[PDB]
């Protein structure tokens, strides 16, 4: 079906505004922004919005690819036979959000409007973001938003309801997209007991322990937010096993998701032991690394064997591939495999850099540049997971 | 014939970039600009370009209106029936030129790179324009550029070639774009005579009495450079009379297009004889105004009774209109008539301010603000002229 001209025109308008806003933001950051001011909280807060916009772009690309490849994903998702959206709609929504995000970030730099406190722009931006979804009227996509709002209630409960493909899909893309949940806790502490709400200063050029009591671990306010998506997936898998009475896949998924529990708890334990300087800090570390390997060396084997269904024993013309592939060029498959292999090991370089010269506040600069790569890895994974599921559904 | 989605996307992208560039340019103009230099040369140089983009956008709106209203203009413009330029292409070209214009203006305002001091930017901009216009490569609407160049060559050498619709159409269009020629001549004079090229920027007030060599009428090139389009149209209609052998629509048209000769002659004479003392200048001024009265009144009786065929004795139900019309709303026609009268007599306010005020640099700024109004008058006039031409062609 042809798309309306107004839709493409809006997409182009929003895209152009986004590019020019990004360029002027970069120029303002390099030139006007002063060095002595701490800029950690700004990125620490806007990272969630940036990741959400990136994910919406990548979802638009994914659905474009699915429609062109011929995969009948509307039946897989059990959507209404309207497809509920074109890719232009995803692009337009994401461009709207990106324009709002850029405007708010520019306001947080230039401080345009007189004496308005600066600790309100991210609050207003996230308020608009949440209000765009929970809008009780019937405008601005009054169908897909309702579908997503009920699907986000089916997922976020877990054991009570049954299992659907949409639930599994959305719960998987909370594992990769965990930074959005991660910095909400930071925002909550920073606004509640770390800012100067009575005064007007959102930059705070000094440092302390209570000033930063939420970028560390300390209590469970950090690890539980880390493990919530893993908990949801674990419960969903266990419920599926209980309903279907199938041992192998669910009983291996249980461990495949509990290894994340073990890795997170051991890493947090090392952090809490080093918070004082205990001797066993040099012991528990020796576990973390290996308990990380058993993590990666699990999921990687799960990625190639069952997720994408590659390395098939009943192979064909293609080395280490399956007999039936829909995508045209095999270089896409090989590049995806190699980049998944590199990206799943995005912790080795982190350890390598966190073993050397002690640049002041060098901690989060590594994470800020590595967080966006997980979304790209998920974007790559989506194509092959959906195509394998389509092939399996068509086969039987 | 629906257009491809990529053209619409490009139109939207260019529109958004142009909008944001205009906003940031206005912000820089109000805030960044430091005033010790007369910025008027910049306005006098960039006014021609700005009017060019404005005219292109208005022409795009015009062709969209003709296509939607049902006025078959491709047949009467002797264009190829199976190959036309839709309004989207004109919008895209206008957006591209506006983006280049805004980039040049911003670079001139900020002076980012301190090697090419300031003067390279306008020369590069107009060089890009001319290189685009006469590019011999078979790209970027290679048919449209070649057709435009051929017809421009045909128009500029009028007394020899035969006369078609498009030739006198472009002659009429150029009759309302003498400001472009005046700006080009002023740029040439500025670069050749008074500019001290061996400098940087030129941050020296032009308040010194030695300026004005390229501002006045003096030797008498401004008058002819303004009056060329009148000469071309006069010779074209004379040749048309010679070919047609009769006088009813031809000799009166020649007189109408010749009145402006005496107009500009007396207008220039007043200015050049002001500095001599010459206690007879007002006498000339008298006649100047007097002559204006016929010219401003000669076109109006032509613009309504003959150009559009209005005020017909056989009107019928539609008073003060023609017998048959295509545009549905009569309010459009009435508003067009009133606006035509106002915009043709708009010279009265300009002369009143320039003769009753004591503010330096007044007449030129009033000319600047009234400049993007004659092109609007031409844009609206084209609708009814083309409709009347279509009805006349249908009649015979």
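The chain as shown is numbered from 1 upward.
Method of determination (from the header): electron microscopy, 3.6 Å.
Just so you know, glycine gets a Cβ as well, placed from its N, Cα and C.
Feature annotations, courtesy of Swiss-Prot:
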- A:3-33: transmembrane segment (TRANSMEM)
- A:34-38: topological domain 'Extracellular' (TOPO_DOM)
- A:39-70: transmembrane segment (TRANSMEM)
- A:71-83: topological domain 'Cytoplasmic' (TOPO_DOM)
- A:84-111: transmembrane segment (TRANSMEM)
- A:112-117: topological domain 'Extracellular' (TOPO_DOM)
- A:118-139: transmembrane segment (TRANSMEM)
- A:140-157: intramembrane segment (INTRAMEM)
- A:158-162: topological domain 'Cytoplasmic' (TOPO_DOM)
- A:163-196: transmembrane segment (TRANSMEM)
- A:172, A:175, A:256, A:257, A:344, A:377, A:378: phosphate binding site (BINDING)
- A:197-203: topological domain 'Extracellular' (TOPO_DOM)
- A:204-245: transmembrane segment (TRANSMEM)
- A:247-277: transmembrane segment (TRANSMEM)
- A:281-308: transmembrane segment (TRANSMEM)
- A:309-327: topological domain 'Cytoplasmic' (TOPO_DOM)
- A:328-359: transmembrane segment (TRANSMEM)
- A:347: site 'Gating residue for phosphate transport' (SITE)
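Candidate recorded positions: A:257, A:347. Fewest other C-beta atoms within 10 angstroms, A:347.
Long-range neighbours of the topological domain 'Cytoplasmic' (A:158-162) within the same chain, counting only residues 6 or more positions beyond its ends whose Cβ lies under 8 Å from a Cβ of the stretch, are 231-232, 235-236, 238-239, 243. If you take the Cα of residue A:257 (phosphate binding site) and the Cα of residue A:347 (site 'Gating residue for phosphate transport'), they are about 18 angstrom apart, rounded to a whole number. Sequence-distant contacts of residue A:378 (phosphate binding site), defined by Cβ-Cβ distance under 8 angstroms and a gap of at least six in the same chain, are A:58, A:173, A:176, A:177. Within its own chain, the topological domain 'Cytoplasmic' (A:71-83) has Cβ neighbours under 8 Å at 63, 143, 147, 164-166, 169, 326, 386-387, 389-390, 393, counting only residues six or more beyond its boundaries.
A C-beta separation below 8 Å, combined with a sequence spacing of at least six in one chain, links residue A:172 (phosphate binding site) to A:233. Around the Cβ of residue A:175 (phosphate binding site), 17 further Cβ atoms fall within 10 Å across all displayed protein chains. In the shown protein chains, 20 other C-beta atoms lie within 10 A of the C-beta of residue A:256 (phosphate binding site). There are 18 other CB atoms within 10 A of the CB of residue A:377 (phosphate binding site), with all protein chains counted.
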